[PDB]
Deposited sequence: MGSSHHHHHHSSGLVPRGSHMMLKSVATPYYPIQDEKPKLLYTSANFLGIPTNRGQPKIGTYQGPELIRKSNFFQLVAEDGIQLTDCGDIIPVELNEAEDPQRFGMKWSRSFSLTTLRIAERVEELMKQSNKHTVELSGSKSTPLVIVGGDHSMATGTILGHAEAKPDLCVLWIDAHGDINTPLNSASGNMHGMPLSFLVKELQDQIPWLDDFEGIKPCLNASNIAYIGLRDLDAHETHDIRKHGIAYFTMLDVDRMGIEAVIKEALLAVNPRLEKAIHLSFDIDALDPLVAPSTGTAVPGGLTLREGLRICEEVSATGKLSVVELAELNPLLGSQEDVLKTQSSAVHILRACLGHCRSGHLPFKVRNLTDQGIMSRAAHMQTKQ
């Protein structure tokens, strides 16, 4: 009755990937919700594996390099994340998905690095308004949360400056292993790199013209044709329209409806190959109290879908009956 009967949960409160304080509170926003209770009610055993502690150096220890802000905090955090994720995914070798709540999206370099150590043939589905694939010299902002894929993609390595402390961050993805859904705010150089290297991508224009059902099918066909590969689902909450997820740092109008977001997660979950899902860029310090509740709510529905929640209902584990309790039914009485 369940594709996944257990799962692990991990918080990664990254906040040095971008300048707005508050992504560090994303994991708590989910823990304070009814997520755990709802997952248990569906028959899934979810273990809270705690939080990764990011490395947050001071300004003096971590000056700008190649325009990148907090790049040594990033490289050290990346290795610490990768070790923890690798360990969890290997203890897991019905499989046991790992649910990761961020934290800004810079955590993805580490989560995918560690995941790939455990599952080298994985594919990545990146759900985001943005490409998050800027190389350091092309980034206008120097914010690491806009660069996490660039360090992982083998075809991009001639455009990444060498730094000694980045050595352990080995590019573990081919361009052919990634597919985007939800894009609507790409930087020019991202557009160039995505098209040059043939990365599968489905922008909001494609979703409008094709419909989300065909988009999901084509994205899975592009990177996981026969469902042979483990799936790393990297979900930026800002992929969803700001009407349903306002509390995030770089909101862009015209995003996925919650329903469209649910359909992506339902289909990925149903492959039986969901290995890691991470949800990035929750920021409970942004927007009104009601904005935060809407965003928390959307996130909870999304994550539950990833774990197998069905909108069309679940059957009871045990079917209750009146006679058992010694109670008289209307039907019995009429007889």
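Residues of the deposited sequence with no modelled C-alpha atom fall in the ranges 1 to 38, 132 to 140, 383 to 385.
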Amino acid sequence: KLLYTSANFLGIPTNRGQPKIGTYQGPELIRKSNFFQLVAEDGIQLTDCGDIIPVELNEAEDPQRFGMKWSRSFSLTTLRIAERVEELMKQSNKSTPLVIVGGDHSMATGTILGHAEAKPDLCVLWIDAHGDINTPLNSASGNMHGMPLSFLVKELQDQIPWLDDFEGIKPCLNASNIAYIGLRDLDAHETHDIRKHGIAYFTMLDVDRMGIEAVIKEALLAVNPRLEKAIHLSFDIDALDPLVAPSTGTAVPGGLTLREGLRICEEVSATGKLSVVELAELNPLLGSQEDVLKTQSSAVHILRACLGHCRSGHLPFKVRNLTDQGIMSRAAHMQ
From here on, numbers count along this sequence of modelled residues.
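For the segment pair 205 to 213 and 149 to 157, the entry gives 149 to 157 the higher mean B-factor, averaged over Cα atoms. Between the stretches 233 to 241 and 130 to 138, it is 130 to 138 that shows the larger average CA temperature factor. Among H301, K32, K294, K273, the highest C-alpha B-factor recorded in the PDB entry belongs to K32. Highest C-alpha temperature factor among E278, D42, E267, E281 per the entry: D42. Compared with the other modelled residues of the chain, the Cα B-factor recorded for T111 ranks in the lowest third. In this PDB entry, the Cα temperature factor of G26 sits in the bottom third of its chain's modelled residues, the lowest group.
Per the deposited record, the Cα B-factor of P13 falls in the middle third when ranked against the other modelled residues of its chain. Sort the modelled residues of the chain by CA B factor and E218 lands in the middle third. Among the modelled residues of its chain, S75 has a C-alpha B-factor that falls in the middle third according to the deposited record.
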